[PDB]
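Since the structure comes first, as structure tokens, the remarks are kept for the end.
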Amino acid sequence: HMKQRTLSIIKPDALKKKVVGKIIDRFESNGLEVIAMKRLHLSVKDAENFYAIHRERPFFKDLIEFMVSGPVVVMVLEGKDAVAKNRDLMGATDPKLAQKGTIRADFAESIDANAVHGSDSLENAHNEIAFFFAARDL
């Protein structure tokens with residue numbers, strides 16, 4: 001019920017499909033604003049620090065390799081209930097489970113290459129935004 005900010009990443013698979021515009025438009029048409037944005041190529045160090053909470057998760061090694069395999073677009077989205085709204089529009093992490101009409105349903109091929117990242121909580125949103133943006137840039 002508040003005006004929140006959350007992090008979105010358009011992963012290397014969506015960039016290669018050239019669906020950055022369609023995905024950004026999904027957020028803009030659904031009550032969110034892109035208030036910060038840059039295209040970049042993550043180093044391994046960047047990717048391991050960003051996903052440090054998952055270092056012992058079994059998907060870690062494959063996750064890092066995929067996330068440095070090509071450039072991404074990182075964005076801060078702003079709007080009412082932004083953290084929850086972003087997750088609703090992305091759909092289930094796994095495209096095979098995502099509801100029709102979500103980003104992962106529309107643009108993702110596998111759970112390993114599932115088009116977008118979004119912060120899963122308000123606490124993670126704070127750290128993830130701060131990882132990519134100095135506060136003067138927002």
Side-chain angles (χ1 to χ4, degrees), residues 3-52 54-60 62-79 81-98 101-108 110-138:
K3 168 144 288 201
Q4 295 174 352
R5 294 170 175 186
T6 190
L7 189 84
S8 173
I9 309 179
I10 305 187
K11 291 186 184 183
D13 54 326
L15 259 72
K16 300 236 193 67
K17 295 177 161 95
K18 300 199 308 160
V19 296
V20 177
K22 282 174 185 67
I23 284 168
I24 291 176
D25 176 55
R26 203 66 65 85
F27 304 132
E28 293 180 305
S29 309
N30 280 276
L32 303 177
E33 183 185 2
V34 174
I35 63 167
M37 180 168 55
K38 51 185 157 199
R39 187 192 198 264
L40 57 87
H41 199 148
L42 293 165
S43 68
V44 170
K45 164 175 157 287
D46 293 343
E48 293 187 350
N49 290 335
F50 180 77
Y51 289 111
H54 311 292
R55 173 171 313 269
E56 291 331 291
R57 296 292 297 267
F59 59 78
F60 188 66
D62 296 321
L63 174 61
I64 301 299
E65 186 160 357
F66 173 63
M67 287 297 292
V68 301
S69 70
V72 299
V73 172
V74 187
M75 299 174 298
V76 179
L77 307 174
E78 187 180 63
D81 211 24
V83 170
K85 183 58 144 301
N86 187 23
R87 295 175 87 238
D88 277 340
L89 294 164
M90 295 190 298
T93 301
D94 184 345
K96 269 82 168 177
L97 302 174
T102 59
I103 296 170
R104 289 163 168 159
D106 291 337
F107 305 112
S110 67
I111 187 164
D112 297 333
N114 67 343
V116 279
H117 168 90
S119 309
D120 59 15
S121 76
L122 188 59
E123 158 95 339
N124 288 348
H126 293 352
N127 299 325
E128 295 180 359
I129 291 169
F131 184 86
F132 284 111
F133 300 93
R136 74 187 275 257
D137 297 322
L138 313 159

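Heads up: numbering here begins at 1 and tracks the sequence.
For the atom pair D106 CG and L89 CG, the distance stands at 11.0 Å (nearest 0.5 Å). One distance of note links CG of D62 with CZ of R57; it measures 13.0 Å at 0.5 Å rounding. A distance of 13.0 Å separates CD in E48 from NE2 in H54, rounded to the nearest 0.5 Å. In this structure, the separation between CG on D81 and CG on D88 is 8.0 Å, given to the nearest 0.5 Å. Distance CG/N86 to NE2/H117: 8.5 Å, rounded to 0.5 Å. A distance of 7.0 Å separates CD1 of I35 from CD1 of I129, quoted to the nearest 0.5 Å.
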What do the steps show when you test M37 against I24 for side-chain contact (heavy atoms from CB on, under 4.5 Å), and what is the final call? CA-CA 11 Å; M37 180 168 55; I24 291 176; 3.7 Å; yes
Please walk me through it: do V34 and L77 pass side-chain contact (heavy atoms from CB on, under 4.5 Å)? CA-CA 5 Å; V34 174; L77 307 174; 3.7 Å; yes
Begin from the C-alpha positions of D46 and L40 and carry the test side-chain contact (heavy atoms from CB on, under 4.5 Å) through to its verdict. CA-CA 11 Å; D46 293 343; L40 57 87; 5.6 Å; no
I23 and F27: CA distance, side-chain angles, deciding distance, side-chain contact (heavy atoms from CB on, under 4.5 Å) verdict: CA-CA 7 Å; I23 284 168; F27 304 132; 3.8 Å; yes
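A donor-acceptor pair under 3.5 Å links the side-chain atoms of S119 to the main chain of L7, judged by distance alone. No donor-acceptor pair closer than 3.5 Å links the side chain of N114 to the backbone N or O of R104.
Closest heavy-atom contact between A14 and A115: CB-O, 3.7 Å. Across every non-hydrogen atom of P12 and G70, the tightest pair is CG-O, 3.4 Å. Closest approach of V72 and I9 over heavy atoms only: CB-CG2, 3.7 Å. The minimum heavy-atom distance between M67 and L42, with the atom names listed, is O-CD1, 3.7 Å. The two residues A82 and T6 come nearest to each other via the heavy atoms O-CG2, 3.5 Å. Contact between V68 and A47 at its shortest, heavy atoms only, is CG1-CB, 3.9 Å.
Remark: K11 fails to qualify as a cation-pi partner of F107 under the 6.0 Å distance and 45° angle criteria applied to the six-membered ring.
Note on ring orientation: taking the six-membered ring where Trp is involved, the planes of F50 and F132 are tilted (angle from 30° to 60°).
Within 6.0 Å of NZ in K38 there are more than 12 heavy atoms belonging to other residues, nucleotides or ligands.
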